[PDB]
Amino acid sequence: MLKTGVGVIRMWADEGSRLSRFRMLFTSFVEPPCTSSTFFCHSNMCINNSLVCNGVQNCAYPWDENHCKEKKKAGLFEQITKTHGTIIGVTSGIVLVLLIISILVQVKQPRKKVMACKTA
Amino acid sequence: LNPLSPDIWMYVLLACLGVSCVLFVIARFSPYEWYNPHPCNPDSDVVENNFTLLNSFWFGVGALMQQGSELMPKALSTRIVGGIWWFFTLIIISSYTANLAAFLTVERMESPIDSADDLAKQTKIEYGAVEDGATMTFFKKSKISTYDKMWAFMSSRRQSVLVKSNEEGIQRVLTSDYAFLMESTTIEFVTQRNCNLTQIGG
Amino acid sequence: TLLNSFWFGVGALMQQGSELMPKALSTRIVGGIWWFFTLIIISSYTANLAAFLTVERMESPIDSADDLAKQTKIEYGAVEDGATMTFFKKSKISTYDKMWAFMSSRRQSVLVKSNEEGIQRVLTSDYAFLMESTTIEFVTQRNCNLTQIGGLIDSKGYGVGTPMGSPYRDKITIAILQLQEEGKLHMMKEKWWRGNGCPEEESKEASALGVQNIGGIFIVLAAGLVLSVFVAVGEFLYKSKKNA
Amino acid sequence: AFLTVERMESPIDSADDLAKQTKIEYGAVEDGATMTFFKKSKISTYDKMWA
Amino acid sequence: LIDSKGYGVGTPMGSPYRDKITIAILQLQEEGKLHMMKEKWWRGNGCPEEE
Ligand SMILES: CCCCCCCC/C=C/CCCCCCCC(=O)O[C@@H](COC(=O)CCCCCCCCCCCCCCC)COP(=O)([O-])OCC[N+](C)(C)C
Ligand SMILES: CCCCCCCC/C=C\CCCCCCCC(=O)O[C@@H](COC(=O)CCCCCCCCCCCCCCC)COP(=O)([O-])OCC[N+](C)(C)C
Ligand SMILES: CCCCCCCC/C=C\CCCCCCCC(=O)O[C@@H](COC(=O)CCCCCCCCCCCCCCC)COP(=O)([O-])OCC[N+](C)(C)C
Ligand SMILES: CCCCCCCC/C=C\CCCCCCCC(=O)O[C@@H](COC(=O)CCCCCCCCCCCCCCC)COP(=O)([O-])OCC[N+](C)(C)C
Ligand SMILES: CCCCCCCC/C=C\CCCCCCCC(=O)O[C@@H](COC(=O)CCCCCCCCCCCCCCC)COP(=O)([O-])OCC[N+](C)(C)C
Ligand SMILES: *[C@@H]1O[C@H](CO)[C@@H](O[C@@H]2O[C@H](CO)[C@@H](O)[C@H](O)[C@H]2NC(C)=O)[C@H](O)[C@H]1NC(C)=O
Ligand SMILES: *[C@@H]1O[C@H](CO)[C@@H](O)[C@H](O)[C@H]1NC(C)=O
Ligand SMILES: *[C@@H]1O[C@H](CO)[C@@H](O)[C@H](O)[C@H]1NC(C)=O
Ligand SMILES: *[C@@H]1O[C@H](CO)[C@@H](O)[C@H](O)[C@H]1NC(C)=O
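Those protein sequence lines, which keep their order, are chains A, B, C, D and E.
Heads up, the first sequence is in the entry's author numbering, so the first residue is 264 and it goes up one at a time.
Heads up, the second sequence is in the entry's author numbering, so the first residue is 556 and it goes up one at a time.
Heads up, the third sequence is in the entry's author numbering, so the first residue is 607 and it goes up one at a time.
Heads up, the fourth sequence is in the entry's author numbering, so the first residue is 657 and it goes up one at a time.
Heads up, the fifth sequence is in the entry's author numbering, so the first residue is 758 and it goes up one at a time.
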């Protein structure tokens, strides 16, 4: 938590240990109180609004990316989609045929005083 | 509505629209269903069925809510529909009652965390402490096996769970699954000034 | 009729009632019992299905490597040319040679390279990886979705080594045997081999019945209607021939 | 309720769960290696079995 | 298993027969005889029942 204004991090390695790895992450921050366009991280910090929901958890706990994701709704409509939505509609392709044919049978063929064969 | 998934509720109502219509098709197709309701000297063009499209569709719902009806499946062709649609109902209601008797007892079988010994088990709920206060110094030199095991979490996984300040420690509880450990008076100040919080344990 | 009396049986078994209307005192005693036969069966079906959905007590496959010798559907495993693989290929017990009889003839996939690579085969397939018995007790308590089935096949033993001829062979043997009986050598085991929170399991609410749980009914429902049409054309042939 | 309580009841199963069962009494041979093990044990479950 | 003891062929205090039986015992574990000897005597006379 470098107090001053710039930082000059150093890597030292040689013929003995050339294969070495590290990956940094810096963040500018100001002490409280905290004005607008500054997500006030509770870590004695104030970071820029550009760091909000970008994907780096700067004020070490994920405070900016925590409580941040776009989601959806409508659990009845979360399956009207690929294959599972088709097998609803495949059987809906069955049931609707069983409905319209059941319209024609009742209208064309009555119940009262008729012969003992019809139907389709 | 919860004990059955919302695709089952659509598949049941699609079946009730289905099986009622298929029973309607067979009812004006079957020859051993055309009967004579004639009290007098029979056989003068008074041979009918009972099943309209309205009647066959109030045999579907009438056998789904388990009340029965009057529509009276008489032909062997139609009773097989009645012999299955009844068995379709008797599994759905006996899986609705069985599953709703699982939601109401699992919420009774659970106990809320009320004692830090039971917080020693809950790895899904993370601990907390103020940074190097009296509380943190208590656990790292404790001797009771449950308390050292509570330190065994916070030592190995420090990094996030050992927060800096008490005012900062409240917001971790307020915005996550956190189990912050402060002085017992400051809890009794915070709890009655912020009514959505509590003190579990002793 | 015989048809009417047999649609009083099913009509009172699915609890819908019927029209057949038992009128004689002789017949109502049959109706007075067959109704009571139904009301216990359905109330023991609903009661027991409300016991499966609130307390899941899942069973298991293979529980002893002798029963894993039968399961050709579940493939074996070993680290590549470790102590484990060398044990089976010179074993003598007929079950263990038969376990080698799988892995020799079908090598090619089931004899994986590394122990860390061997865990992922179990984690992502139907695999039966065979490692040292301590490393199981380390892996199982650090990855709570895994288990140890079976017991102990071989009996090895670790040991503080020494040069060939040394006083430090014997005077550590005095020292090791004290730590077993003092209880430290067991207490040291529960410091390091104890896992970080594996009791994460309990009776969870089922959250639904899905098509995976109850989907056989729609198969029974669809098969009943297709059977009915074959019955529906049956009277159509039967009545017309008797009409003619 | 009868059919879910008996499913919720588990057998005796690992001496830690025998530490709870006061209804099922313990045992040991008289002053053998087994009895001498518990009275100088240190693990809290085993001392409670000696208790 | 609660404790871990171990049986063992004894010897007088300082003897060559400590070491040269240790060579011999360790061969019988890996040859498989020492397990096969266990299934000669500890195998019971017909319990199976398939549980
Ligand atoms: C893939 C499967 C497809 C198979 C195709 C399925 C086809 C099944 C078809 C089924 C329709 C016919 C069977 C029931 C009879 C209906 C009753 C009625 O209407 O009056 C009947 C009276 O008959 C009587 O007098 C006796 C009645 C009591 C016993 C009924 C038979 C028991 C068969 C138990 C099981 C039955 C079969 C069960 C099938 C599982 C009419 O009698 P009749 O014929 O008019 O008399 C002829 C007289 N004549 C020559 C002078 C004119
Ligand atoms: C025992 C046997 C009985 C069988 C009878 C079966 C039918 C019974 C007849 C009538 C009862 C009601 C029918 C609803 C059935 C499915 C809806 C559903 O799954 O619930 C979903 C929505 O459900 C609702 O909240 C209300 C319905 C939403 C309105 C839009 C769909 C209705 C339109 C036409 C529908 C048919 C379309 C197809 C036909 C044209 C889930 O509820 P929720 O929103 O998540 O609740 C919010 C609160 N919570 C988040 C904290 C939990
Ligand atoms: C008009 C008639 C009304 C009468 C009412 C009676 C109500 C009840 C009255 C009294 C309660 C009975 C208490 C007695 C104890 C039972 C003894 C027993 O063990 O089971 C007995 C079985 O048979 C029985 O269960 C007897 C009772 C039922 C009789 C038949 C049903 C009544 C029909 C009418 C009711 C429905 C219609 C409604 C009526 C409006 C004998 O068992 P077992 O064979 O010795 O077992 C040993 C065999 N083994 C060795 C192989 C294992
Ligand atoms: C008039 C009839 C026309 C149709 C209208 C029906 C009316 C109602 C219409 C719609 C109601 C809802 C649809 C019903 C099925 C639900 C969809 C589903 O996924 O379930 C099943 C699919 O089912 C099949 O794929 C079976 C193959 C075709 C059905 C054959 C029926 C009997 C055939 C003739 C009978 C011959 C007679 C007797 C002689 C022997 C699930 O199958 P799964 O592969 O296990 O799923 C994998 C997922 N899992 C592993 C995680 C579980
Ligand atoms: C007149 C009629 C009298 C006969 C009664 C005898 C009843 C005895 C009933 C079943 C026999 C039980 C013996 C064991 C065999 C079960 C195995 C089986 O076949 O399951 C089959 C399904 O289920 C069926 O298709 C069978 C039922 C047919 C429709 C029900 C009508 C019953 C007759 C009328 C009853 C009405 C009321 C009663 C009054 C009459 C297997 O399905 P699958 O094809 O493998 O699906 C593959 C898809 N999968 C891969 C995703 C899984
Ligand atoms: C429940 O357990 C089964 C059995 O292990 C899991 O099925 C395997 O899952 C892995 C990971 O997705 C796959 O690589 C395997 O191919 C699956 N095997 C089979 C036979 O399906 C299943 O994923 C587990 N359930 C969940 C929600 O993870
Ligand atoms: C950094 O700060 C500016 C002003 O506070 C703000 O618009 C933004 O979050 C950052 N800048 C850019 C160019 O994204
Ligand atoms: C407690 O609950 C929410 C935080 O989850 C907060 O918005 C609400 O205002 C609080 N209620 C009070 C302070 O009475
Ligand atoms: C255990 O396995 C399941 C796969 O069903 C997975 O969801 C879970 O995350 C695994 N646990 C760990 C710690 O990897």
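Ideal Cβ positions, reconstructed from N, Cα and C, are used throughout, including at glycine.
For this session: Take every Cβ of the region 284-303 of chain A, pair it with every Cβ of the region 312-324 of chain A, and state whether three or more of those distances are shorter than 8 angstroms.
Result: Taking 8 angstroms as the limit for Cβ pairs, the verdict is that the region 312-324 of chain A does touch the region 284-303 of chain A.
Exercise. Would you say residue 639 of chain C touches ligand 3, meaning its beta carbon is less than 8 angstroms from a heavy atom?
Worked result: Relative to the non-hydrogen atoms of ligand 3, the Cβ of residue 639 of chain C comes within a distance shorter than 8 angstroms of at least one.
Exercise. Nearest chain E C-beta to residue 698 of chain C closer than 9 angstroms, yes or no?
Worked result: Residue-level contact by beta carbon holds for residue 698 of chain C and chain E, with a gap shorter than 9 angstroms.
Exercise. Under 9 angstroms, do residue 718 of chain C and residue 686 of chain C count as touching if we go by C-beta distance?
Worked result: Note that the C-beta distance between residue 718 of chain C and residue 686 of chain C is below 9 angstroms.
Exercise. Between residue 367 of chain A and residue 623 of chain B, what straight-line distance do the alpha-carbon atoms span, to the nearest angstrom?
Worked result: 28 angstroms
For this session: Excluding the 5 residues preceding and the 5 following residue 791 of chain C in the sequence, name in chain order all residues of the same chain whose CB lies nearer than 6 angstroms to its CB.
Result: 785
For this session: Check each candidate in A/355, A/374 and A/322 and name the one with the smallest Cα separation from residue 292 of chain A.
Result: A/322
Exercise. With 9 angstroms set as the bound, which would you pick, yes or no: does the beta-carbon of residue 672 of chain C sit closer than that to a beta-carbon of chain E?
Worked result: no
Problem set entry | Beta-ladder partner(s) of residue 681 of chain B, from DSSP | B/733.
Problem set entry | Alpha carbon of residue 848 of chain C to alpha carbon of residue 840 of chain C, nearest angstrom | 12 angstroms
Exercise. If you measure beta-carbon to beta-carbon, which residues of the region 781-815 of chain C are closer than 9 angstroms to chain D?
Worked result: 787, 788, 789, 790, 792, 793, 796 and 809
For this session: Return no unless some Cβ of chain C is closer than 9 angstroms to the Cβ of residue 668 of chain B.
Result: no
Exercise. Which chain D residues sit within Cβ distance under 8 angstroms of residue 654 of chain C?
Worked result: By Cβ distance, chain D contributes 659.
Problem set entry | chain C contact residues for residue 761 of chain E, given Cβ-Cβ distances below 7 angstroms | Residues of chain C whose Cβ lies closer than 7 angstroms to the Cβ of residue 761 of chain E are, in chain order, 786.
For this session: Please confirm if residue 579 of chain B has its CB atom under 9 angstroms from at least one CB of chain C.
Result: no
Problem set entry | Nearest-angstrom beta carbon gap, residue 645 of chain B and residue 664 of chain C [assumed within contact, 8 angstroms] | Contact doesn't hold; Cβ gap of about 27 angstroms is too wide.
For this session: Sort B/741, B/752, B/603 and B/568 by Cα distance to residue 378 of chain A and report the nearest one.
Result: When only C-alpha atoms are compared, the closest one is B/603.
Exercise. What residues from chain B crowd round residue 338 of chain A, counting only those whose CB sits closer than 8 angstroms?
Worked result: Residues of chain B whose Cβ lies closer than 8 angstroms to the Cβ of residue 338 of chain A are, in chain order, 561.
For this session: Taking only heavy atoms of ligand 2 into account, decide whether any of them is closer than 8 angstroms to the Cβ of residue 610 of chain C.
Result: no
Exercise. When we look at the beta-carbon of residue 751 of chain C and count the other beta-carbons within 10 Å, is it buried (16 or more) or exposed?
Worked result: exposed
Exercise. When Cβ atoms are compared, which residues of the region 350-361 of chain A fall closer than 8 angstroms to chain B?
Worked result: 351, 354, 355, 357, 358 and 361
Problem set entry | CA nearest to the CA of residue 658 of chain C, picked from C/738, C/815, C/802 and C/833 | Selected option, being the one with the closest Cα: C/815.
Exercise. Should residue 817 of chain C and residue 824 of chain C be called a contact, given that it needs their Cβ atoms to be closer than 9 angstroms?
Worked result: In contact: residue 817 of chain C and residue 824 of chain C (Cβ atoms closer than 9 angstroms).
Problem set entry | Limits of the unbroken alpha helix (DSSP H) element including residue 711 of chain B | 700-711
Exercise. Can you give the Cα-Cα distance for residue 325 of chain A and residue 731 of chain B, rounded to whole angstroms?
Worked result: Going from the Cα of residue 325 of chain A to the Cα of residue 731 of chain B covers about 11 angstroms.
For this session: State yes or no: is the C-beta of residue 674 of chain C within less than 9 angstroms of the C-beta of residue 734 of chain C?
Result: yes
Problem set entry | Whole runs of the alpha helix (DSSP H) within the region 711-795 of chain C, excluding any shorter than 4 residues | Segments of the alpha helix (DSSP H) lying fully in the region 711-795 of chain C: 713-716, 721-730, 739-748, 773-788 and 790-793.
For this session: Give the residues of chain A in contact with residue 586 of chain B, contact being defined as C-beta atoms less than 8 angstroms apart.
Result: Proximity of chain A to residue 586 of chain B at the Cβ level (cut-off 8 angstroms) is accounted for by 379 and 380, in chain order.
For this session: Return the CA-CA distance between residue 709 of chain B and residue 678 of chain B, expressed in angstroms with no decimal places.
Result: 11 angstroms
For this session: Assign residue 690 of chain C to one of two classes, buried (16 or more other C-beta atoms within 10 Å of its C-beta) or exposed (fewer than that).
Result: buried
For this session: Starting from residue 705 of chain D, find everything on chain C with Cβ-Cβ shorter than 8 angstroms and list it in chain order.
Result: Residues of chain C passing the Cβ test: none, with the nearest at roughly 14 angstroms.
Exercise. Roughly how many angstroms lie between the CA atoms of residue 662 of chain C and residue 608 of chain B, to the nearest whole one?
Worked result: 44 angstroms
Exercise. Counting only beta-carbon atoms, is residue 716 of chain B nearer than 9 angstroms to chain C?
Worked result: no
For this session: Taking residue 810 of chain C as the reference, give the member of B/654, B/723, B/694 and B/753 with the closest Cα.
Result: B/654
Exercise. If we cut at 9 angstroms on Cβ distances, does residue 878 of chain C have a partner in chain B?
Worked result: Lying outside 607 to 850, the shown extent of chain C, residue 878 of chain C is not represented and no answer is given.
Exercise. Given residue 338 of chain A, which residues of its chain have a CB within under 6 angstroms of its CB, disregarding the five upstream and five downstream residues?
Worked result: Taking C-beta separations shorter than 6 angstroms and ignoring five residues to either side along the sequence, residue 338 of chain A has no partners in its chain.
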